[PDB]
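**Q** Build me a structure from this.
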Amino acid sequence: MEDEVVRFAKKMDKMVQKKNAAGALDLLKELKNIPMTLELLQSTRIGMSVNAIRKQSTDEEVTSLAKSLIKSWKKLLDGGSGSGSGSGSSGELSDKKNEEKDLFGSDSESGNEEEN
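**A** Numbering: from 1, shown residues only. The coordinates are given below.
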């Protein structure tokens, strides 16, 4: 299903360029039914396409569908939903942020803000 995701990413990019991402509703809806993998995000770069749709769409349903995928897909490279105790919350030295920076580009922050 590699090209399937590529087709969705390219369908989204066309809307992104024209600032008319309302049509992405259908695309993101289908992506919820697709078994995305870390490998798919690397080759199809759809994480970034969906990330772009969220900010290029005035239609909140589209942003809501898209924001859903970003979370579900992020766990693929992260090892999320199967994380151990680590050495801090969900681990320590989580280099997966670099993969995320390439695959999604969903900004950067230090994190690890905890209280005592």
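**Q** so what's the residue positioned nearest the centre of the chain up against?
**A** For the chain, residue 70 is the residue whose C-alpha lies nearest the centre (Cα atoms, centre = their mean; 2.9 Å). Residues near residue 70 by Cβ atoms under 8 Å, 6 or more residues apart in numbering: 47, 50-51, 54, 104, 106. Yep, even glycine has a C-beta here, placed from its N, CA and C like the rest.
**Q** from the residues you listed, which ones fall inside helices?
**A** Assigned to helices by DSSP state H, the following of the contacts of residue 70 qualify: 47, 50-51, 54.
**Q** what's the closest of the residues you listed to residue 76?
**A** Nearest to residue 76 among the ones in helices among the contacts of residue 70, counting by Cβ to Cβ, is residue 47 at 9.1 Å.
**Q** What is the neighbour count of residue 5?
**A** 21 (other Cβ atoms under 10 Å).
**Q** so it makes contact with residue 40?
**A** Yes: using Cβ atoms under 8 Å, residue 5 is in contact with residue 40, at 5.3 Å.
**Q** ok, back up a step: for the host helix or strand of the residue nearest to the centre of the chain, buried residues please.
**A** Assigned by DSSP states H and E, residue 70 belongs to helix 60-78. Across helix 60-78, burial judged by 16 or more other Cβ atoms under 10 Å covers 62-63, 65-67, 69-70, 73-74, 76-78.
**Q** so can I have JSON lines of those showing distance to residue 28?
**A** Output for those, formatted as JSON lines (distance: Cβ to Cβ, whole Å):
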{"residue": "62", "distance to residue 28": "6"}
{"residue": "63", "distance to residue 28": "9"}
{"residue": "65", "distance to residue 28": "4"}
{"residue": "66", "distance to residue 28": "5"}
{"residue": "67", "distance to residue 28": "9"}
{"residue": "69", "distance to residue 28": "6"}
{"residue": "70", "distance to residue 28": "10"}
{"residue": "73", "distance to residue 28": "11"}
{"residue": "74", "distance to residue 28": "15"}
{"residue": "76", "distance to residue 28": "17"}
{"residue": "77", "distance to residue 28": "19"}
{"residue": "78", "distance to residue 28": "20"}
